[PDB]
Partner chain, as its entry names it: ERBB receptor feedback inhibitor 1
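Presented below, as structure tokens, is a lone chain in the form solved without its partner chain.
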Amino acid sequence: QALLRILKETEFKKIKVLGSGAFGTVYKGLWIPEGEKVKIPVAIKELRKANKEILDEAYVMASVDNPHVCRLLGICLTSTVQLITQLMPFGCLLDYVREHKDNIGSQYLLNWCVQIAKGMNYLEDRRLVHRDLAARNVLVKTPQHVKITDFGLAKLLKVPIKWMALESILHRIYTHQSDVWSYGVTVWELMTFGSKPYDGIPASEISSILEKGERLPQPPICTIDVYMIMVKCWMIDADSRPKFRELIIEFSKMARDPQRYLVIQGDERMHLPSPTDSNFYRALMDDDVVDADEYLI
């Protein structure tokens, strides 16, 4: 009945590798809670500080209950920290926009911006600073529903400089308003269909570029209205950046008339692959299995 489930190593199995990261390696697997006689598709992140402290922070992660934020289902502490969460079968949003560029309309892009802002506003209510918001850390539950993950790992434990607010880079200051800067960069990644920010420019030169007033360029599909939101997220004065509550309102307004705000050739006729069409979905999910959501009822 624990909010943060403590799992035995026998209660889960890593089936295949999904990918690596600075923080750890993520696997596709199965959660088989002892005696409960059910198999639940999970991702398991094995990370590269006393136990009670790891548990304390993880509890806040298991506490999050919002449709736009991944929830930590369980933890296993051995020689390693392993985190267990519901498997998101469509992958991360960065890979998703790169792969489906020719079939992503304005409605989808703006709705994802709303969803991410709603999840971040929830984290702010939870007093949980993300520290690593980026398109790679937003997962696709369905094409019409994305969720934020990988929040607070940075605390629990190579810095992602090109997503960081200038005050984080210069003074290790991390707040919800530095998360707003990272939100700006994440939105830029979506609107460019997954371009790499400041491509070519060495990480060591980023703080000077920002101090000189240089910023990521206007994406070609963006009207000035949308680009101005991004630019406000990157103001030097953190208190002057939009708040997540204001971003929800603004992108929600835009999402009601999406073609006024994003200019996409053939916007009218775009359609995304279903579960049974998706290569990525099929790759992961290929028997007698129960969705975490259905189990968690």
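Positions refer to the first chain, counted from 1.
We do not show the form deposited with its partner chain bound, though everything after this point is about it.
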Indicate whether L128 is a 4.5 Å heavy atom neighbour of its partner chain in the bound PDB entry.
no
Even though the partner isn't displayed, in the bound PDB entry is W188 close enough to its partner chain, meaning a heavy atom within 4.5 Å?
yes
Answer with yes or no whether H176 is in contact with its partner chain in the bound PDB entry, where contact means some heavy atom within 4.5 Å.
no
Is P219 one of the residues lying within 4.5 Å of its partner chain in the bound PDB entry, judged by heavy atom distances?
yes
